[PDB]
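Asker: To start, I am sharing the structure in question, which I have written as structure tokens.
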Amino acid sequence: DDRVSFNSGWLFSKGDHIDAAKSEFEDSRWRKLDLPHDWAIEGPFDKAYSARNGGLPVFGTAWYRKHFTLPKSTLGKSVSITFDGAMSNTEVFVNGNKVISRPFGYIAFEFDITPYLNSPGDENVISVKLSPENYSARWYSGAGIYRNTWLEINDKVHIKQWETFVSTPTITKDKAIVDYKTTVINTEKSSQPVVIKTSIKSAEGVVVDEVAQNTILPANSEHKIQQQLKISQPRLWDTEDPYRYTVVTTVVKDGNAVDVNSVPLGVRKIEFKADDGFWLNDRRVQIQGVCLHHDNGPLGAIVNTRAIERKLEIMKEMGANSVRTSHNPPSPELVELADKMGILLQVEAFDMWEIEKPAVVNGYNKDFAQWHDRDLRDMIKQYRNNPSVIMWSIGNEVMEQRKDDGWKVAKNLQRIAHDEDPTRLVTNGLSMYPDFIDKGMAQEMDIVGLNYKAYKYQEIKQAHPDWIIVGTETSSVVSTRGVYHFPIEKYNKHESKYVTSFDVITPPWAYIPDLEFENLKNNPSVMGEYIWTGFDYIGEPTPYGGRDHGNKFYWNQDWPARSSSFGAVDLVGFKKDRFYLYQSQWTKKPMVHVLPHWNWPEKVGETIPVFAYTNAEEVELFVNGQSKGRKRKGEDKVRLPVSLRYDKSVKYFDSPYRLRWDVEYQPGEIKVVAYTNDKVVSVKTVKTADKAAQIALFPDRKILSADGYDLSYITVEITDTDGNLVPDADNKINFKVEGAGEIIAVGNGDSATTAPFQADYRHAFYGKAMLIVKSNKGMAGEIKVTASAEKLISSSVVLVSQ
Ligand SMILES: OC[C@H]1CNC[C@@H](O)[C@H]1O
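To convert, count from 1 in the sequence shown and add 149; that's our numbering.
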């Protein structure tokens, strides 16, 4: 029967608890909460925790406990529990019996609890112990049961979870052939004659094909099944049409369906051409991808369907069409949303392999030898049916790149992926030049994944023509929303602990996106890129605190810098100037964007740089009505400083992807006019804002589901009387939520603050703050949101829960 959520009614408590694995245990005073849950985001921030991991308590022992009772109708039934993810080093007990011991924190695991249950109707206790260690992550991991949990009651004859595998070996205009595999389990102590039905269902519920198999299952047995079906005139899954079928497996026993298993099916042709990029359904699709870490800003590492959906919507708005799950298996909700939103996925399994990355002594390296096979296979088993997945990845910047025998591990890992999923190619984030060429790791990979090697694309492709190449990790330029430093120079750090939004500051291994656009244009055989990153994430405050490839783990010299600056948007999804630069390269809808803002009272009469990003042909800049020149994109190049790790002769790059003026600052307004074919196609005006005066609220969604999980992201802006955003506003805004909802978190994208994420107040960060309102489960009605700040006009908005 169909599973239910197991998230409700848990107990939680930090520290060591001897005897907490036993049913009889004094947990009466333990804190009550529902899952998913991430205790590290609750803080507080402490300088004793490395800013590389966000300066939050992402390690230490903690326990979860849940009391649950099953109906008396569960007698003679199978009962299984699935944890989609637990961070990290998880041990699970059922009525004192140990059932799970899984170190990997990004993988889903399932465990049969039928042998350990008490009698139907009597209470059961499940105990979860997590023991994450310090010095184990290069970014913020969070801590706790951060992914959803599930309980399923099944017939003793049922389909094994994650063993159903479907693919399309042959696709023509007339038909698609569907290869099928499944495993049925018979946990009965006698033989069971059953019929295993396998149906392909359209979205409208039409059985477009069906086969069956009469079989006698031996007692306490497993039976593998292979079938082949046909879909006539199949509606393809595509970036422009994410249509999916459904494969339904039914265990029929004595004429009655006793178990029903469903998996998704997307019909699409994938082809990787070594000299012509990536092809989807017989046409080339340029990979315009972004890397994302798993956390959700103020929500921490917890999964939330709406938060993930919102991130994918904002990345698609930027023009992105692909996501790389850096550097770990994603939640099932992310992959499900990517299926329905037509987003191509590169699902990555590991960060490091067995050799530790510098100063990360407690990472996955300690478990790699024992767990790499099961963890890699389980990631593939869980997501091989999702049509959004177009390739697997086995690692990222692994230390084995400079080992003589490092290629053997890559070959062995790739062999495991090919065995579990023979239908997809495998890539790997290569970074140590020229080691990954000299020592043969790149030779072993299906797809050569290059990290920050754009200026080497031509040389590498000419020496190895038959290689399939992608930029697995590109740029890594950093910036802070609303921050501008003058003059535009390539410094290393700033006193403000923020980075200029003119997008020129790069770590020694990094470069500006212009250099990636240029080398992707000059080497069209490369299928595309995955930028680092699409969203800001907690931890790795580079250039502050430290650099990833150093041998020092504590990054607290620049405290309280604890969040990243690699993102094209900030921690809550506010668009940086970087967002519009990528929109100028990845979208076709006419747009124009200008930076910086026009509030510089200490610059009257002085010269100031002005940048314009557009996908149009020309842009003319106006300052208080006076034209400052009509520039032509691609012809009037912008000289920007660079510093390339493996090419020290290059000091500057003349980018044809930006436009620059240098004008005298006078308060008033600026305006950019975008021209294509000598006619106006886009206009953007930015006025000098007056004194801060009022609050403006912008909910992205006003209609929410009353499920207790749906969220509304309410943009909070500090403006003047005319509504112009005050670029430097830092007012403390107070929030009140009445009705069928409540505050769940707040943020503002500030990378160097210790302000709480769980509070009813938040400072504006360069004019903007974010209030996350959550629905309440089972109560529908109005949700009234009020924002207040002293010396400003308050604001109110009304939402509705259904
Ligand atoms: O520029 C920072 C990136 C370097 N490459 C690995 C990523 O996870 C991240 O640390």
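Cβ coordinates follow ideal geometry from the N, Cα and C atoms, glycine included.
#1: Let's see if you can read the secondary structure: which residues bound the alpha helix (DSSP H) around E458?
#2: Could you check whether the stretch 416-427 touches the stretch 608-625, counting it as contact only if at least three pairs of C-beta atoms, one from each stretch, sit closer than 8 Å?
#3: If I follow the unbroken alpha helix (DSSP H) through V416, where does it start and stop?
#4: Out of curiosity, what's the CA-to-CA distance linking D358 and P805?
#5: Exposed or buried, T319, counting other C-beta atoms within 10 Å across all chains shown (16 or more means buried)?
#6: Distance check for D839 and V153, CA to CA, integer angstroms please.
#7: Tell me whether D431 counts as near ligand 1, meaning its Cβ is closer than 8 Å to at least one heavy atom of that ligand.
#8: Which residues in the same chain have their Cβ closer than 7 Å to the Cβ of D785, if we skip the five residues on either side of it in sequence?
#9: If you draw a straight line from the alpha carbon of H634 to that of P206, how long is it in whole angstroms?
#10: Could you check whether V575 and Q563 sit closer than 9 Å to each other, using their CB atoms as the reference points?
#11: When the Cβ atoms of the stretch 216-231 are set against those of the stretch 267-276, are three or more pairs found closer than 8 Å?
#12: Could you pull the start and end residues of the beta strand (DSSP E) that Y394 belongs to?
#13: Do the stretch 533-540 and the stretch 281-289 meet, that is, are 3 or more Cβ pairs less than 8 Å apart?
#14: Whole beta strand (DSSP E) runs in the stretch 484-536 with 3 or more residues, listed along the chain?
#15: Cβ of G578 versus every heavy atom of ligand 1: is any distance shorter than 8 Å?
#16: Secondary structure at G555, three-state DSSP: helix, strand or coil?
#17: My guess is that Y801 and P790 are in contact by the Cβ rule of under 8 Å, so how many angstroms apart are they, rounded?
#18: Whose C-alpha, out of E466, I419, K465 and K350, is nearest the C-alpha of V412?
#19: Would you say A717 touches ligand 1, meaning its beta carbon is less than 8 Å from a heavy atom?
#20: In this structure, what does DSSP give as the bridge partners for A823?
#21: What are the boundary residues of the beta strand (DSSP E) that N283 is part of?
#22: By a C-beta neighbour count over all protein chains shown, 10 Å radius and 16 as the cutoff for buried, is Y795 buried or exposed?
#23: Can you find a C-beta in chain B that's less than 9 Å from the C-beta of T210?
#24: Rounded to whole angstroms, what is the Cα-Cα separation between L579 and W658?
#25: Assuming contact is defined by CB atoms lying nearer than 9 Å, are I921 and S861 in contact in what I supplied?
#26: Measuring straight from C-alpha to C-alpha, what distance separates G620 and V759?
#27: Tell whether a beta-carbon distance below 9 Å holds between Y731 and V743.
#28: Report yes if the C-beta of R781 is less than 8 Å from at least one heavy atom of ligand 1; otherwise report no.
#29: With C-beta atoms as the reference, is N477 less than 9 Å away from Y295?
#30: Which residues bound the alpha helix (DSSP H) around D584?
#31: Using a Cβ-Cβ cut-off of 6 Å (strictly less than) and excluding sequence neighbours within five positions of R433, which residues of its own chain qualify?
#32: Mind the definition here: the stretch 482-491 touches the stretch 453-463 only if three or more C-beta pairs lie below 8 Å; say whether that holds.
#33: Residues in its own chain within less than 6 Å of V830 by CB, not counting five upstream and five downstream?
#34: Please confirm whether any heavy atom of ligand 1 lies closer than 8 Å to the CB of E272.
#35: Since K917 contacts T864 with CB under 8 Å, what's their CB separation in whole angstroms?
Answerer: The relevant details are as follows:
#1: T454 to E466
#2: yes
#3: From DSSP, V416 is part of no alpha helix (DSSP H); its letter is neither H nor E.
#4: 53 Å
#5: exposed
#6: 54 Å
#7: no
#8: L808
#9: 33 Å
#10: yes
#11: yes
#12: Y394 to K402
#13: no
#14: 493-497
#15: yes
#16: helix
#17: 6 Å
#18: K350
#19: no
#20: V768 and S831
#21: Looking at the DSSP string, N283 is not in any beta strand (DSSP E), and its letter there is neither H nor E.
#22: exposed
#23: The chain inventory of the structure shown lacks chain B, comprising one protein chain alone.
#24: 13 Å
#25: yes
#26: 30 Å
#27: no
#28: no
#29: no
#30: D584 to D587
#31: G426
#32: yes
#33: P739, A765 and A823
#34: no
#35: 7 Å
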